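Trainee: First the structure, which I've put down as structure tokens, then a few questions once you've had a look.
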Amino acid sequence: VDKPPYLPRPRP
Amino acid sequence: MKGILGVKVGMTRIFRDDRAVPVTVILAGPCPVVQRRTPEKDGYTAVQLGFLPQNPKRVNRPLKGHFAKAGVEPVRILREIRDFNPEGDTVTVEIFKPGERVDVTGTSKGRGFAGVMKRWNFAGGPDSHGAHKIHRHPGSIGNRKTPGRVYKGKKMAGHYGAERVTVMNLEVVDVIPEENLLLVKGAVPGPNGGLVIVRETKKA
Amino acid sequence: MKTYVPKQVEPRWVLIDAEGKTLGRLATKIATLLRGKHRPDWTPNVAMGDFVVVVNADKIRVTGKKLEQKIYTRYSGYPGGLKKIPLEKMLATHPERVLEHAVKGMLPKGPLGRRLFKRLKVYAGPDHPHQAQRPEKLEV
Amino acid sequence: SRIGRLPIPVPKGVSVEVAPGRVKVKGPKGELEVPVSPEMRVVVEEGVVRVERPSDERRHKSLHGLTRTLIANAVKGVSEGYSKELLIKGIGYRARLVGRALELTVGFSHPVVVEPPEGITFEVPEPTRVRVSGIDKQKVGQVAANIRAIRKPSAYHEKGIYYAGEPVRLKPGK
Amino acid sequence: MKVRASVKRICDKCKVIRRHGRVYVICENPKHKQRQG
RNA sequence: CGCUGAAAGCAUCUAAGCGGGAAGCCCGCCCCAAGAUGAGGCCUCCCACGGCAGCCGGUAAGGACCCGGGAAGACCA
RNA sequence: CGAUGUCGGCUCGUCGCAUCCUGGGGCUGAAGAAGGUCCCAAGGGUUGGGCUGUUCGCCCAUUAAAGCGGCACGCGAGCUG
RNA sequence: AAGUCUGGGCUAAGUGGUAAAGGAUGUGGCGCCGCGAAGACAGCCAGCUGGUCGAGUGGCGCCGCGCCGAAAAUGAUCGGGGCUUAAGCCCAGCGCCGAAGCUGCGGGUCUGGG
Ligand SMILES: [Mg+2]
Ligand SMILES: [Mg+2]
Ligand SMILES: [Mg+2]
Ligand SMILES: [Mg+2]
Ligand SMILES: [Mg+2]
Ligand SMILES: [Mg+2]
Ligand SMILES: [Mg+2]
Ligand SMILES: [Mg+2]
Ligand SMILES: [Mg+2]
Ligand SMILES: [Mg+2]
Ligand SMILES: [Mg+2]
Ligand SMILES: [Mg+2]
Ligand SMILES: [Mg+2]
Ligand SMILES: [Mg+2]
Ligand SMILES: [Mg+2]
Ligand SMILES: [Mg+2]
Ligand SMILES: [Mg+2]
Ligand SMILES: [Mg+2]
Ligand SMILES: [Mg+2]
Ligand SMILES: [Mg+2]
Ligand SMILES: [Mg+2]
Ligand SMILES: [Mg+2]
Ligand SMILES: [Mg+2]
Ligand SMILES: [Mg+2]
Ligand SMILES: [Mg+2]
Ligand SMILES: [Mg+2]
Ligand SMILES: [Mg+2]
Ligand SMILES: [Mg+2]
Ligand SMILES: [Mg+2]
Ligand SMILES: [Mg+2]
Ligand SMILES: [Mg+2]
Ligand SMILES: [Mg+2]
Ligand SMILES: [Mg+2]
Ligand SMILES: [Mg+2]
Ligand SMILES: [Mg+2]
Ligand SMILES: [Mg+2]
Ligand SMILES: [Mg+2]
Ligand SMILES: [Mg+2]
Ligand SMILES: [Mg+2]
Ligand SMILES: [Mg+2]
Ligand SMILES: [Mg+2]
Ligand SMILES: [Mg+2]
Ligand SMILES: [Mg+2]
Ligand SMILES: [Mg+2]
Ligand SMILES: [Mg+2]
Ligand SMILES: [Mg+2]
Ligand SMILES: [Mg+2]
Ligand SMILES: [Mg+2]
Ligand SMILES: [Mg+2]
Ligand SMILES: [Mg+2]
Ligand SMILES: [Mg+2]
Ligand SMILES: [Mg+2]
Ligand SMILES: [Mg+2]
Ligand SMILES: [Mg+2]
Ligand SMILES: [Mg+2]
Ligand SMILES: [Mg+2]
Ligand SMILES: [Mg+2]
Ligand SMILES: [Mg+2]
Ligand SMILES: [Mg+2]
Ligand SMILES: [Mg+2]
Ligand SMILES: [Mg+2]
Ligand SMILES: [Mg+2]
Ligand SMILES: [Mg+2]
Ligand SMILES: [Mg+2]
Ligand SMILES: [Mg+2]
Ligand SMILES: [Mg+2]
Ligand SMILES: [Mg+2]
Ligand SMILES: [Mg+2]
Ligand SMILES: [Mg+2]
Ligand SMILES: [Mg+2]
Ligand SMILES: [Mg+2]
Ligand SMILES: [Mg+2]
Ligand SMILES: [Mg+2]
Ligand SMILES: [Mg+2]
Ligand SMILES: [Mg+2]
Ligand SMILES: [Mg+2]
Ligand SMILES: [Mg+2]
Ligand SMILES: [Mg+2]
Ligand SMILES: [Mg+2]
Ligand SMILES: [Mg+2]
Ligand SMILES: [Mg+2]
Ligand SMILES: [Mg+2]
Ligand SMILES: [Mg+2]
Ligand SMILES: [Mg+2]
Ligand SMILES: [Mg+2]
Ligand SMILES: [Mg+2]
Ligand SMILES: [Mg+2]
Ligand SMILES: [Mg+2]
Ligand SMILES: [Mg+2]
Ligand SMILES: [Mg+2]
Ligand SMILES: [Mg+2]
Ligand SMILES: [Mg+2]
Ligand SMILES: [Mg+2]
Ligand SMILES: [Mg+2]
Ligand SMILES: [Mg+2]
Ligand SMILES: [Mg+2]
Ligand SMILES: [Mg+2]
Ligand SMILES: [Mg+2]
Ligand SMILES: [Mg+2]
Ligand SMILES: [Mg+2]
Ligand SMILES: [Mg+2]
Ligand SMILES: [Mg+2]
Ligand SMILES: [Mg+2]
Ligand SMILES: [Mg+2]
Ligand SMILES: [Mg+2]
Ligand SMILES: [Mg+2]
Ligand SMILES: [Mg+2]
Ligand SMILES: [Mg+2]
Ligand SMILES: [Mg+2]
Ligand SMILES: [Mg+2]
Ligand SMILES: [Mg+2]
Ligand SMILES: [Mg+2]
Ligand SMILES: [Mg+2]
Ligand SMILES: [Mg+2]
Ligand SMILES: [Mg+2]
Ligand SMILES: [Mg+2]
Ligand SMILES: [Mg+2]
Ligand SMILES: [Mg+2]
Ligand SMILES: [Mg+2]
Ligand SMILES: [Mg+2]
Ligand SMILES: [Mg+2]
Ligand SMILES: [Mg+2]
Ligand SMILES: [Mg+2]
Ligand SMILES: [Mg+2]
Ligand SMILES: [Mg+2]
Ligand SMILES: [Mg+2]
Ligand SMILES: [Mg+2]
Ligand SMILES: [Mg+2]
Ligand SMILES: [Mg+2]
Ligand SMILES: [Mg+2]
Ligand SMILES: [Mg+2]
Ligand SMILES: [Mg+2]
Ligand SMILES: [Zn+2]
């Protein structure tokens, strides 16, 4: 279940 | 089977054996038979009933013809009852006595474009805790790449009501033949003034 | 010289008693008649085969346990909408559908194939309404 | 070692008419038709019916014995007729006739009423013995079975509806 | 009824019957009843 | 779970045949539905117009436009 | 890798059946009632709360029951964060 | 597109058209023993021998083809229809269909020889 994210969130 | 055409007039309660019983009053009689469907001729059995008198100044020639072959004053509404073949050429509320159970058909009230909450009793969204412009929205409507589409029949916003509804097994509480009235216990679809059909019930 | 191509001709009407015949093996022949491949001037891109009338389609015959075990299927587009109907029941309710489905599957797919299927007239019971066209009895 | 080729004694006077795929057996107690494989040949000899098969392969041997007994049972049917007896063990448990019909009182909250089908006759001697009798052997066996089912033999007590000449095997309770 | 891949005679009164495409073992002792599956 | 019953003289619910047996399956209830192009059916109405399976002109039975509205409705219907 | 947004919750379901309940069964070391165990069955049903981000799990009070899985560990151009 | 082609056999599961240990009076074919007209096996009458019954009967193994074992998620299906002395499987044939392979005819270009 809890696995590390492979993408970050965002920006501009 | 037996049935009659009628208009829903309104609701009340009466008292019976020290009980209040909610009733809908239906003006059912009187309904002239204006055609019979026969198996030799039509492939099935039924009676075309007429209901409510019409200004002949409004009835066109093809319709006038139809009435005439049956020798019937022009009537506003024409509707069939299936597998019903009355001895007489006029059907009145007297085909029902109190205690009988009936099925009533009407046109439900129309809510026009109905949201998913009113229509299908969806839960909608939260009203605080971050909810973003989704308070009455339906949520997910599917999965992902498998199946990658939305099912036929998915409950969704859209028009609601103004549709044929039949509620079943209503007690006939009284009948007042001198005034063509039927008293049915409980609730009947549609607005006051709406056309309804009262048939003998199919429940046992 | 270029290959002969026929001008339009009068189509032949034709009668077949399905009684006691084996579903698939009859189906095969009806399709041929339908495509018109029995005709030396056969042309693949026009309808020039026969009209085929079949009677006694309820008395089609079938080998093995296909009465109980052959399943006809229909998908409605809705969730859970796959209906399954056994041969036995199809015969008990719409017996001409049995032979109709069979022939239809052995006709080409596409606009022409669909026209050809319309030229198939199948009937349960021994009578048919096309005495007007006076179809020619076929032994198949 | 064989049933089909053993010949069928026919009492005087029952008649046996042969047709393709059936034989009809009339007698003092009525008629009965026996559907029979077209592969088998039934033979009407003096005072006797025989059945013959056309090969010695599996299906044919199997049909052979079957058909001989099938017809033997029909013969005995219209002559002597058939019957089965039911014993009714259990304290509250009793039976009686109501017209043609059978009324079982076997410990339910109600009594059960069995209607005799066509060709079947109910008889109650004691109120604890029932006789199902008819000319059709498999029909008599059926109805009898039917009656017994209304209250099968308990496993623990000598109680319920029994076949006459049915053993009373029981198992202990605590 | 016991339902197993290996249906076998359990006592000398056991009998291996075959009905309706399935191998059964019927017997006087109700415990020995078997259906293959 | 049976009845009758061979192969296999016995036995066997099975190989011929026949029973019983689920909230499940088919029908039954409610709703949609002939674009069901396989386009169904019945009742009634008009009618056989003028000019060179096509074109043009005026009508029939009917329909639409417009308007007063409507527990019908986003417009449309 | 010139981007296939990643746990959990919410919302909305839909499917499988190795069936949690309800229906039908066989055996029981099945007296009755109540259980065990296997078979048939996917129609419907499958509660509210305390703790933790939790999935899970423990616990409280109930229940016929408080099923287990798939759908990109279903669902962020639906929401949360 | 071309055989509902011919002849012999097997399979009854739609096996063919999705799998294993293992299980089984499925079916066909082989083979080997045991018992039996000095009366066997099965039933009906006893105590492993008697009595009528008058034929076979019981066990072991091998081969072909089938049966079970066989539960997973959107709607099914051997590609489909449909197929059962086959339109399935094994053995043996004759014929046809079938590619831009081969041939016929015509042409181009390069290379080699005239
Ligand atoms: Mg009718
Ligand atoms: Mg009718
Ligand atoms: Mg009808
Ligand atoms: Mg009627
Ligand atoms: Mg609103
Ligand atoms: Mg609302
Ligand atoms: Mg609502
Ligand atoms: Mg609510
Ligand atoms: Mg809510
Ligand atoms: Mg809310
Ligand atoms: Mg909420
Ligand atoms: Mg925000
Ligand atoms: Mg807000
Ligand atoms: Mg898709
Ligand atoms: Mg829809
Ligand atoms: Mg909707
Ligand atoms: Mg509407
Ligand atoms: Mg209705
Ligand atoms: Mg009530
Ligand atoms: Mg009630
Ligand atoms: Mg009163
Ligand atoms: Mg109406
Ligand atoms: Mg055939
Ligand atoms: Mg044929
Ligand atoms: Mg031909
Ligand atoms: Mg046949
Ligand atoms: Mg069959
Ligand atoms: Mg779907
Ligand atoms: Mg459905
Ligand atoms: Mg499914
Ligand atoms: Mg469906
Ligand atoms: Mg047919
Ligand atoms: Mg013989
Ligand atoms: Mg017996
Ligand atoms: Mg019995
Ligand atoms: Mg029974
Ligand atoms: Mg008995
Ligand atoms: Mg004890
Ligand atoms: Mg076991
Ligand atoms: Mg088991
Ligand atoms: Mg074992
Ligand atoms: Mg042993
Ligand atoms: Mg069965
Ligand atoms: Mg036994
Ligand atoms: Mg028996
Ligand atoms: Mg016997
Ligand atoms: Mg016998
Ligand atoms: Mg059978
Ligand atoms: Mg068989
Ligand atoms: Mg049955
Ligand atoms: Mg219920
Ligand atoms: Mg309608
Ligand atoms: Mg239409
Ligand atoms: Mg319609
Ligand atoms: Mg269509
Ligand atoms: Mg048409
Ligand atoms: Mg029409
Ligand atoms: Mg019609
Ligand atoms: Mg009319
Ligand atoms: Mg005119
Ligand atoms: Mg004129
Ligand atoms: Mg003109
Ligand atoms: Mg002119
Ligand atoms: Mg006008
Ligand atoms: Mg409105
Ligand atoms: Mg308006
Ligand atoms: Mg407008
Ligand atoms: Mg990448
Ligand atoms: Mg991008
Ligand atoms: Mg992108
Ligand atoms: Mg929550
Ligand atoms: Mg939430
Ligand atoms: Mg919430
Ligand atoms: Mg799903
Ligand atoms: Mg679910
Ligand atoms: Mg599945
Ligand atoms: Mg399924
Ligand atoms: Mg299961
Ligand atoms: Mg399991
Ligand atoms: Mg388990
Ligand atoms: Mg249960
Ligand atoms: Mg239960
Ligand atoms: Mg149980
Ligand atoms: Mg106990
Ligand atoms: Mg108990
Ligand atoms: Mg106890
Ligand atoms: Mg176990
Ligand atoms: Mg149990
Ligand atoms: Mg368990
Ligand atoms: Mg279920
Ligand atoms: Mg589920
Ligand atoms: Mg909760
Ligand atoms: Mg909770
Ligand atoms: Mg707190
Ligand atoms: Mg919590
Ligand atoms: Mg907390
Ligand atoms: Mg938690
Ligand atoms: Mg934890
Ligand atoms: Mg309980
Ligand atoms: Mg909980
Ligand atoms: Mg789940
Ligand atoms: Mg789920
Ligand atoms: Mg995963
Ligand atoms: Mg999950
Ligand atoms: Mg996810
Ligand atoms: Mg996603
Ligand atoms: Mg987001
Ligand atoms: Mg998220
Ligand atoms: Mg997304
Ligand atoms: Mg997206
Ligand atoms: Mg949303
Ligand atoms: Mg944070
Ligand atoms: Mg051939
Ligand atoms: Mg099978
Ligand atoms: Mg298959
Ligand atoms: Mg298979
Ligand atoms: Mg291995
Ligand atoms: Mg193997
Ligand atoms: Mg063995
Ligand atoms: Mg063998
Ligand atoms: Mg073998
Ligand atoms: Mg002996
Ligand atoms: Mg001795
Ligand atoms: Mg299988
Ligand atoms: Mg299953
Ligand atoms: Mg192919
Ligand atoms: Mg051959
Ligand atoms: Mg070529
Ligand atoms: Mg070349
Ligand atoms: Mg050349
Ligand atoms: Mg070169
Ligand atoms: Mg040179
Ligand atoms: Zn045993």
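Within each chain, counting starts at residue 1; across the structure tokens, chains are named A, B, ... in the order shown, with ligands numbered 1 upward in that order.
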Neighbours of ligand 16 at 9 Å or closer, counting only C-alpha atoms (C1' of nucleotides) and all ligand atoms: which residues, as a list in words?
Mentor: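 The neighbouring residues of ligand 16 are, in order, residues 116, 119, 120, 153, 154, 155, 156, 157, 158, 159 and 160 of chain B.
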Trainee: Neighbours of ligand 36 at 8 Å or closer, counting only C-alpha atoms (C1' of nucleotides) and all ligand atoms: which residues, as a list in words?
Mentor: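 Those within range of ligand 36 are residues 142, 145, 146 and 149 of chain D; 1, 2, 19 and 20 of chain F.
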Trainee: Using the chain letters and numbers from this document, which residues of chain D does DSSP assign to strand (DSSP E or B), as a VMD selection string?
Mentor: chain D and resid 8 to 9 15 to 19 22 to 27 30 to 35 41 to 45 48 to 52 82 to 89 94 to 98 101 to 105 112 to 114 120 to 123 129 to 134 160 to 163
Trainee: Using only C-alpha atoms (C1' of nucleotides) and all ligand atoms, find each protein or nucleic acid residue lying at most 10 Å from ligand 32; present the set as a ChimeraX atom specification.
Mentor: /C:18-19,23,27,54-61,87,90-91,94-103,122-124
Trainee: Those residues with N, CA and C atoms, as a short mmCIF file (atom, residue, chain, number, x, y, z; two decimals), in the first residue's frame please?
Mentor:
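As a result, out_6.cif now contains:
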data_model
loop_
_atom_site.label_atom_id
_atom_site.label_comp_id
_atom_site.auth_asym_id
_atom_site.auth_seq_id
_atom_site.Cartn_x
_atom_site.Cartn_y
_atom_site.Cartn_z
N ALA C 18 -37.97 -27.88 -44.61
CA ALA C 18 -36.85 -28.07 -43.72
C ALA C 18 -36.99 -29.32 -42.89
N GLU C 19 -38.18 -29.91 -42.87
CA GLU C 19 -38.51 -30.98 -41.92
C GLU C 19 -37.54 -32.14 -41.91
N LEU C 23 -29.78 -28.97 -39.18
CA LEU C 23 -29.69 -27.51 -39.16
C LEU C 23 -28.56 -26.93 -39.99
N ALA C 27 -28.51 -25.24 -43.82
CA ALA C 27 -28.09 -23.83 -43.78
C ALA C 27 -27.11 -23.49 -44.90
N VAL C 54 -38.67 -21.20 -46.78
CA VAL C 54 -38.51 -22.41 -46.01
C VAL C 54 -39.75 -22.61 -45.16
N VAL C 55 -40.27 -23.83 -45.15
CA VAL C 55 -41.37 -24.17 -44.26
C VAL C 55 -40.91 -25.24 -43.28
N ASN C 56 -41.72 -25.48 -42.26
CA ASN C 56 -41.44 -26.48 -41.24
C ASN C 56 -40.10 -26.27 -40.55
N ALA C 57 -39.77 -25.01 -40.28
CA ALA C 57 -38.50 -24.68 -39.69
C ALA C 57 -38.44 -25.14 -38.24
N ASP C 58 -39.61 -25.35 -37.64
CA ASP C 58 -39.72 -25.87 -36.27
C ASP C 58 -39.32 -27.33 -36.18
N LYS C 59 -39.33 -28.01 -37.32
CA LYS C 59 -38.95 -29.41 -37.42
C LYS C 59 -37.58 -29.59 -38.03
N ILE C 60 -36.71 -28.62 -37.80
CA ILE C 60 -35.31 -28.77 -38.12
C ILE C 60 -34.73 -29.81 -37.18
N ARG C 61 -33.65 -30.47 -37.58
CA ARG C 61 -33.09 -31.54 -36.78
C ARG C 61 -31.63 -31.31 -36.42
N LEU C 87 -30.90 -23.93 -27.37
CA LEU C 87 -31.63 -24.35 -28.57
C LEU C 87 -33.07 -24.74 -28.25
N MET C 90 -35.21 -21.77 -27.67
CA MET C 90 -35.36 -20.96 -28.86
C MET C 90 -36.41 -21.59 -29.78
N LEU C 91 -36.37 -22.92 -29.91
CA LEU C 91 -37.35 -23.65 -30.72
C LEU C 91 -38.76 -23.54 -30.13
N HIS C 94 -39.29 -19.13 -30.57
CA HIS C 94 -39.14 -18.50 -31.88
C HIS C 94 -38.43 -19.48 -32.80
N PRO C 95 -39.13 -20.53 -33.21
CA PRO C 95 -38.40 -21.61 -33.86
C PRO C 95 -37.73 -21.22 -35.18
N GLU C 96 -38.24 -20.22 -35.87
CA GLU C 96 -37.65 -19.86 -37.15
C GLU C 96 -36.31 -19.14 -36.96
N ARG C 97 -36.09 -18.61 -35.77
CA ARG C 97 -34.85 -17.92 -35.46
C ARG C 97 -33.65 -18.87 -35.54
N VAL C 98 -33.91 -20.14 -35.27
CA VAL C 98 -32.88 -21.16 -35.28
C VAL C 98 -32.23 -21.23 -36.65
N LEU C 99 -33.05 -21.43 -37.66
CA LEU C 99 -32.55 -21.53 -39.01
C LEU C 99 -32.10 -20.16 -39.52
N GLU C 100 -32.75 -19.11 -39.04
CA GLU C 100 -32.40 -17.77 -39.47
C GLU C 100 -30.98 -17.42 -39.00
N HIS C 101 -30.68 -17.65 -37.73
CA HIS C 101 -29.35 -17.38 -37.21
C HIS C 101 -28.31 -18.19 -37.97
N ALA C 102 -28.62 -19.45 -38.24
CA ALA C 102 -27.69 -20.32 -38.93
C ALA C 102 -27.32 -19.76 -40.31
N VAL C 103 -28.31 -19.43 -41.12
CA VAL C 103 -28.03 -18.98 -42.47
C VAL C 103 -27.28 -17.66 -42.41
N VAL C 122 -38.34 -17.55 -43.88
CA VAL C 122 -38.43 -18.78 -43.10
C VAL C 122 -39.71 -18.85 -42.28
N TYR C 123 -40.34 -20.02 -42.28
CA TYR C 123 -41.61 -20.20 -41.61
C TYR C 123 -41.67 -21.46 -40.79
N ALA C 124 -42.23 -21.34 -39.60
CA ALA C 124 -42.59 -22.49 -38.81
C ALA C 124 -43.96 -22.93 -39.31
#
Trainee: At a cut-off of 9 Å, using only C-alpha atoms (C1' of nucleotides), what residues contact residue 134 of chain C? Leave out same-chain residues fewer than 2 positions from it and give the result as a list in words.
Mentor: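 That gives residues 13, 14, 15, 130, 131, 132 and 136 of chain C.
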Trainee: At a cut-off of 12 Å, can you tabulate as JSON lines every residue of chain G near chain C together with its closest atom pair and the distance in Å to one decimal, using only C-alpha atoms (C1' of nucleotides) and ordering rows by chain then number?
Mentor:
{"residue": "G:13", "atom": "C1'", "partner": "C:79", "partner_atom": "CA", "distance": 10.9}
{"residue": "G:14", "atom": "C1'", "partner": "C:79", "partner_atom": "CA", "distance": 7.2}
{"residue": "G:15", "atom": "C1'", "partner": "C:80", "partner_atom": "CA", "distance": 8.6}
{"residue": "G:42", "atom": "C1'", "partner": "C:80", "partner_atom": "CA", "distance": 11.8}
Trainee: Keeping only N, CA and C atoms (P, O5', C5', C4', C3', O3' and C1' of nucleotides), take the residues you just selected and write them out as a PDB file, in the first residue's frame.
Mentor:
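What ended up in out24.pdb:
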ATOM      1  P     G G  13     -24.365   4.538  -7.066  1.00  0.00           P
ATOM      2  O5'   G G  13     -23.415   3.353  -6.599  1.00  0.00           O
ATOM      3  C5'   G G  13     -23.453   2.097  -7.245  1.00  0.00           C
ATOM      4  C4'   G G  13     -22.535   2.111  -8.422  1.00  0.00           C
ATOM      5  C3'   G G  13     -22.339   0.812  -9.150  1.00  0.00           C
ATOM      6  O3'   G G  13     -23.426   0.518 -10.003  1.00  0.00           O
ATOM      7  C1'   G G  13     -20.268   1.900  -8.859  1.00  0.00           C
ATOM      8  P     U G  14     -24.119  -0.929  -9.935  1.00  0.00           P
ATOM      9  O5'   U G  14     -23.136  -1.874 -10.740  1.00  0.00           O
ATOM     10  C5'   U G  14     -22.843  -1.645 -12.101  1.00  0.00           C
ATOM     11  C4'   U G  14     -21.581  -2.356 -12.499  1.00  0.00           C
ATOM     12  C3'   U G  14     -21.480  -3.802 -12.083  1.00  0.00           C
ATOM     13  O3'   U G  14     -22.274  -4.663 -12.872  1.00  0.00           O
ATOM     14  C1'   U G  14     -19.454  -2.743 -11.620  1.00  0.00           C
ATOM     15  P     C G  15     -22.694  -6.099 -12.311  1.00  0.00           P
ATOM     16  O5'   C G  15     -21.334  -6.925 -12.355  1.00  0.00           O
ATOM     17  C5'   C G  15     -20.697  -7.228 -13.578  1.00  0.00           C
ATOM     18  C4'   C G  15     -19.337  -7.846 -13.368  1.00  0.00           C
ATOM     19  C3'   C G  15     -19.253  -9.143 -12.593  1.00  0.00           C
ATOM     20  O3'   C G  15     -19.621 -10.265 -13.362  1.00  0.00           O
ATOM     21  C1'   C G  15     -17.526  -7.708 -11.904  1.00  0.00           C
ATOM     22  P     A G  42     -24.698 -18.602  -9.062  1.00  0.00           P
ATOM     23  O5'   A G  42     -24.770 -17.466  -7.968  1.00  0.00           O
ATOM     24  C5'   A G  42     -25.980 -16.777  -7.711  1.00  0.00           C
ATOM     25  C4'   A G  42     -25.723 -15.307  -7.633  1.00  0.00           C
ATOM     26  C3'   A G  42     -25.120 -14.715  -8.904  1.00  0.00           C
ATOM     27  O3'   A G  42     -25.490 -13.342  -9.008  1.00  0.00           O
ATOM     28  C1'   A G  42     -23.583 -14.505  -7.131  1.00  0.00           C
TER      29        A G  42
END
Trainee: At a cut-off of 10 Å, which residues of chain D touch chain F? Count only C-alpha atoms (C1' of nucleotides) and give the answer as a VMD selection string.
Mentor: chain D and resid 1 to 4 6 35 to 37 57 to 70 73 136 to 146 149
Trainee: Quick one: which residues from chain E are at most 7 Å off chain G, using only C-alpha atoms (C1' of nucleotides), as a list in words?
Mentor: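 Residues passing the distance filter: residues 1, 2 and 31 of chain E.
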Trainee: List as a ChimeraX atom specification the protein and nucleic acid residues lying within 9 Å of ligand 57, with only C-alpha atoms (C1' of nucleotides) and all ligand atoms counted.
Mentor: /F:34,39-41
Trainee: So, with only C-alpha atoms (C1' of nucleotides) and all ligand atoms as the atoms that count, which of H:44, H:76, H:38, H:24 lies closest to ligand 76?
Mentor: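 Of H:44, H:76, H:38, H:24, the one nearest ligand 76, counting only C-alpha atoms (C1' of nucleotides) and all ligand atoms, is H:76.
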Trainee: Check every residue of chain F for an atom within 6 Å of chain B, counting only C-alpha atoms (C1' of nucleotides), and provide those that qualify as a PyMOL selection string.
Mentor: chain F and resi 42+44-45+71
Trainee: Would you mind listing, as a list in words, all residues of chain C that have at least one atom within 9 Å of chain H, where only C-alpha atoms (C1' of nucleotides) are what counts?
Mentor: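 On the chain C side, the interface is residues 23, 24, 25, 27, 28, 63, 64, 65, 66, 69, 73, 74, 75, 76, 77, 79, 80, 81, 82, 101, 102, 103, 104, 105, 106 and 107 of chain C.
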Trainee: If you count only C-alpha atoms (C1' of nucleotides) and all ligand atoms, which residues end up within 9 Å of ligand 2, as a PDB file with N, CA and C atoms, in the first residue's frame?
Mentor:
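File produced: out-v4.pdb:
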ATOM      1  N   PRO B  39     -59.906 -10.281 -30.767  1.00  0.00           N
ATOM      2  CA  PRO B  39     -58.822 -11.104 -31.299  1.00  0.00           C
ATOM      3  C   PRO B  39     -58.937 -11.406 -32.787  1.00  0.00           C
ATOM      4  N   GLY B  43     -56.262  -8.806 -32.683  1.00  0.00           N
ATOM      5  CA  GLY B  43     -55.247  -9.722 -32.221  1.00  0.00           C
ATOM      6  C   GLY B  43     -55.121  -9.779 -30.722  1.00  0.00           C
ATOM      7  N   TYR B  44     -55.917  -8.973 -30.033  1.00  0.00           N
ATOM      8  CA  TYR B  44     -55.928  -8.962 -28.577  1.00  0.00           C
ATOM      9  C   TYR B  44     -57.288  -8.462 -28.095  1.00  0.00           C
ATOM     10  N   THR B  45     -57.480  -8.401 -26.785  1.00  0.00           N
ATOM     11  CA  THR B  45     -58.764  -7.997 -26.236  1.00  0.00           C
ATOM     12  C   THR B  45     -58.635  -6.748 -25.383  1.00  0.00           C
ATOM     13  N   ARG B  82     -56.945  -3.147 -20.927  1.00  0.00           N
ATOM     14  CA  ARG B  82     -56.736  -4.449 -21.560  1.00  0.00           C
ATOM     15  C   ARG B  82     -57.390  -5.611 -20.855  1.00  0.00           C
ATOM     16  N   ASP B  83     -57.818  -6.583 -21.654  1.00  0.00           N
ATOM     17  CA  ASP B  83     -58.465  -7.785 -21.182  1.00  0.00           C
ATOM     18  C   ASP B  83     -59.668  -7.456 -20.331  1.00  0.00           C
TER      19      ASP B  83
END
Trainee: What residues have any atom no more than 8 Å from ligand 41 when counting only C-alpha atoms (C1' of nucleotides) and all ligand atoms, and can you list them as a list in words?
Mentor: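 Within the 8 Å cut-off, the matching residues are residues 6, 7 and 8 of chain E.
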Trainee: I need the contact residues of chain G against chain A, so if you could list those with any atom within 7 Å, counting only C-alpha atoms (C1' of nucleotides), and return them as a ChimeraX atom specification, that would help.
Mentor: /G:5-7,55,73
Trainee: Select residues of chain E: the criterion is any atom within 12 Å of an atom of chain D, counting only C-alpha atoms; output as a PyMOL selection string.
Mentor: chain E and resi 28-30
Trainee: May I have the residues within 10 Å of residue 92 of chain D as a compact mmCIF listing (two decimals) with C-alpha atoms, in the first residue's frame, using only C-alpha atoms (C1' of nucleotides) and disregarding those fewer than 5 positions away in the same chain?
Mentor:
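Output file part27.txt is given in full below:
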# COMPACT_ATOMS: atom_id res chain seq x y z
CA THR D 105 -51.95 -38.02 10.25
CA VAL D 106 -48.24 -38.28 10.91
CA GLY D 107 -47.25 -35.70 13.50
CA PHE D 108 -47.28 -32.47 11.53
CA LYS D 159 -41.46 -43.68 13.73
CA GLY D 160 -42.74 -42.63 10.30
Trainee: Please identify the residues whose atoms come within 9 Å of ligand 78, using only C-alpha atoms (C1' of nucleotides) and all ligand atoms, and report them as number ranges by chain.
Mentor: G: 17-19, 39-41; H: 71
Trainee: Residue 147 of chain D: which residues within 10 Å, counting only C-alpha atoms (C1' of nucleotides), same-chain residues fewer than 5 positions away excluded, as a PyMOL selection string?
Mentor: chain D and resi 86+102+104+112-114+130+132+141-142+152+161-163
Trainee: Using only C-alpha atoms (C1' of nucleotides) and a distance of at most 7 Å, pull out the residues of chain B that contact chain G, as a PyMOL selection string.
Mentor: chain B and resi 124-125+130-132+134+138-146
